[PDB]
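Reviewing the structure listed below.
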Amino acid sequence: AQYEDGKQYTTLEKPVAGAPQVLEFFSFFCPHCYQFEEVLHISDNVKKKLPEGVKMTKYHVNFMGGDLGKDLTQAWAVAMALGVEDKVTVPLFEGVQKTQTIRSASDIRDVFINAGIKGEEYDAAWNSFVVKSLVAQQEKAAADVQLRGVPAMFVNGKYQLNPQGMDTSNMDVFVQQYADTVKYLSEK
């Protein structure tokens, strides 16, 4: 066929029930994740091609960058709770990988302050049980698919995107193939 299991995607032998429709995993330490966000804009091009009524989920992971990795998973929970994902994603990526100015939880906090989130509001979220459970959800979703690598995308808890099996000679063509594959899987 044109889309084949094991080529543009793989199928989970152990399907995950009740999973988010489109589920994306990343790490601010992850070099292809930086590309996916900054250069390729994968998330946004997938959205542009998803049907009506499909919601999109993005979670951070712990298994890169040790202690800071975990702080970043909690910070991403804060961002989700406050709904400020679109204001902190770029400076977090650049703070970790470009300028390397993020070395502690306090530096992560600085990024939010600079993006205009108020200190009191950040610290209250950071310490909230709503953020605790948001962290729990991120961990659980990644555990459910025994995730050992990022970037990763899963569709309906059953299919996993396989970007190694798409041409990379042209970045635009790669992105559209990726998004079209998500749409195909979505309609499956």
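Residue 1 is where the sequence shown starts when you use the authors' numbering, and the numbers rise one by one after that. For each residue, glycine too, the CB sits at the ideal point set by N, CA and C.
| Item | Value |
| --- | --- |
| Residue of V88, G149 and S169 minimising C-alpha distance to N162 | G149 |
| Status (buried if at least 16 other CB within 10 Å, exposed otherwise) for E24 | buried |
| Simplified DSSP assignment, three categories, for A152 | strand |
| For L72, three-class secondary structure by DSSP | helix |
| Minimum C-alpha distance to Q97 - residue among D123, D172, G65 and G83 | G65 |
| Selection from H41, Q138, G6 and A143 that minimises the alpha carbon distance to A79 | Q138 |
| Chain-order list of residues whose beta-carbon lies under 7 Å from that of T89 (same chain, five-residue window excluded) | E37 |
| Integer-rounded CB distance, given that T57 should sit under 8 Å from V22 | 7 Å |
| Where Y178 falls: helix, strand or coil (DSSP) | helix |
| Sub-8 Å separation of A81 and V135 beta-carbons | no |
| Rounded distance between the beta-carbons of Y9 and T168, thought under 8 Å | Their Cβ separation, rounded to whole angstroms, is 17 Å, which puts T168 and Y9 out of contact at 8 Å. |
| Alpha helix (DSSP H) runs wholly inside the segment 103 to 150, at least 4 long, in chain order | 105 to 114, 119 to 126 and 129 to 144 |
| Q35, enclosing alpha helix (DSSP H) - first and last residue | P31 to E38 |
| 8 Å Cβ cutoff met for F129 and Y122 | no |
| Boundaries of the beta strand (DSSP E) in which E24 is found, first to last residue | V22 to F26 |
| CB contact flag (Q164, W126, <8 Å) | no |
| Where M56 sits in the DSSP three-state scheme | strand |
| Reference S186, options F174, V173 and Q160, closest by Cα | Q160 |
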